[PDB]
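One chain comes next, on its own, written out as structure tokens in the form deposited in one PDB entry.
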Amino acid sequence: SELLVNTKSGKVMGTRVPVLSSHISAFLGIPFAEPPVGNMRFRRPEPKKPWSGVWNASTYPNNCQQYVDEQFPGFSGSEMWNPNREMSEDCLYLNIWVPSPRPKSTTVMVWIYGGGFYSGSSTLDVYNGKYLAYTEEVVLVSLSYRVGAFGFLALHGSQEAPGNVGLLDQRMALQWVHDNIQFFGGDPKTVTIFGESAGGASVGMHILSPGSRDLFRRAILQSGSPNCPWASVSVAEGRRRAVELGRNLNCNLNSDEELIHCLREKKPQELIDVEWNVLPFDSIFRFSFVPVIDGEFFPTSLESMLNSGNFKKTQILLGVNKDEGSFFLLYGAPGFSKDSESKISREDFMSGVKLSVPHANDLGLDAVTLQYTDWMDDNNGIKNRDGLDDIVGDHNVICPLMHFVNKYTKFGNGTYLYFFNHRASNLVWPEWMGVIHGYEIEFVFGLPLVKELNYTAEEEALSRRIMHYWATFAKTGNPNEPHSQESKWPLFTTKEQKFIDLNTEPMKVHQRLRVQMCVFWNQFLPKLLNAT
């Protein structure tokens, strides 16, 4: 049977799922590691002990314990991101979508969800791999990893909570793919990992880490990068937040042992409730427990690794969305509303700047503010709002990714950059928010192909176009189909620095993606903050 597959860990029973007037094989909820529960909370993952019999992989697995956003109850805009399955520490499972008939050895794509390392699921509707798997005849895998303290609490030195375990749960699933994806008709030698936001960062991080480089062929990074200011913390900061978490839960902070002895006895929700209390500053686009530069998973600092070319050299495709900042302003900046144009007064604008660059000293805040203020019209509400969006977006996503793309292209074997700027005709979020962070996902997973979702023809066209770039890229290391006749997406070069739009209009090649502001964020500001 096509739905029965024997893996090195045991037999698995898939399920035939319908997809666009046809069907395909789906092996959902396959375990790749032992349930990281009890004495195992915070510890690195352990490969799943082989099981006897046939594992039922027909339903979706549970979602890792995480903070659930309830800012907008019943609003599909936000709940589309909340866990749609039961929450449980036992959550290290992976889902697979195999074409039917099963291909012999085709291109595989592994999805690493985002969520700022504090949330995320592999089972969200917007991550349904059938449409992509089916349409571009690829074996699509959707892994999972621990978020929050569970996946990133870091007491460096300790082996009971070494940190980056979540990043390890990812490596393991990627490992399991390396060892078993062949049995599903997927070529382990053509695995392309791709993720968004924290997922994008995670991707870049596996490029960086020596311990992951041989676990994939190519990589796609979406609105995220290893060097994103929120993507990680030092060992000192990590420890500080672990002890702070402890202090928040009347934990014995006298030894790395009993601090964890304590954390392991607390119910998951207890940790989640006091999770954000350990952040250093009042802010936005900052998350409590994230990857830590331990010196093992990350040999040296991310900057030094990027400058020395100490990272996997392959081809990479990546880009950002036009309005990467609105989502975060809506949630944490004063003046923003889901029910109005969100015109920001000069006073809120400044509250936002400070909330956006919490680590900057007053001279820095002044630099930022000056850089994003139109002094000819400083009290324009629309301009302040759009400014904050660019600040948050430029500082947290776009510029860090551009620094990465520039640093990487000097050693890589090919770079393809995009700028998604298409606002869905059915978006439920208000207009002011534009092309929000993460809303390119649905286009990558083919959601516009589902007529019920109420998308427009042109939008179906864009999605089909994107899925193909991604697929073709994962398959050849080049978004462009050979001899093809449409406009070619130029390779990003250190000299030309070309990228393309991603919308329903004819493709436009561009250059130096927001080089002006990124020169500020990547070079000037860093120097100002280090000097002063």
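Quick note: we count residues from 1 along the sequence shown, nothing fancier.
Separately, the form solved in complex with a small molecule exists; it is not shown, and the next lines address it.
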* Of 371-379, 299-307, 340-348, 110-118, which is the one stretch near the small molecule in the bound PDB entry, taking non-hydrogen atoms within 4.5 angstroms as near? -> 110-118
* **Interface residue in the bound PDB entry among 93, 445, 328, 97, criterion: non-hydrogen atom within 4.5 angstroms of the small molecule** => 328
* Only one of 197, 164, 142, 192 comes within 4.5 Å of the small molecule in the bound PDB entry by heavy atoms, so just point that one out. => 197
* To do: Report yes if any heavy atom of residue 285 sits within 4.5 Å of a heavy atom of the small molecule in the bound PDB entry; otherwise report no.
  => yes
* To do: Mark residue 438 yes when one of its heavy atoms lies within 4.5 Å of a heavy atom of the small molecule in the bound PDB entry, and no otherwise.
  => yes
* Asked: Would residue 67 sit within 4.5 Å of the small molecule in the bound PDB entry, counting heavy atoms only?
  -> yes
* Asked: Is residue 230 a contact residue for the small molecule in the bound PDB entry, using a 4.5 Å heavy atom cut-off?
  -> yes
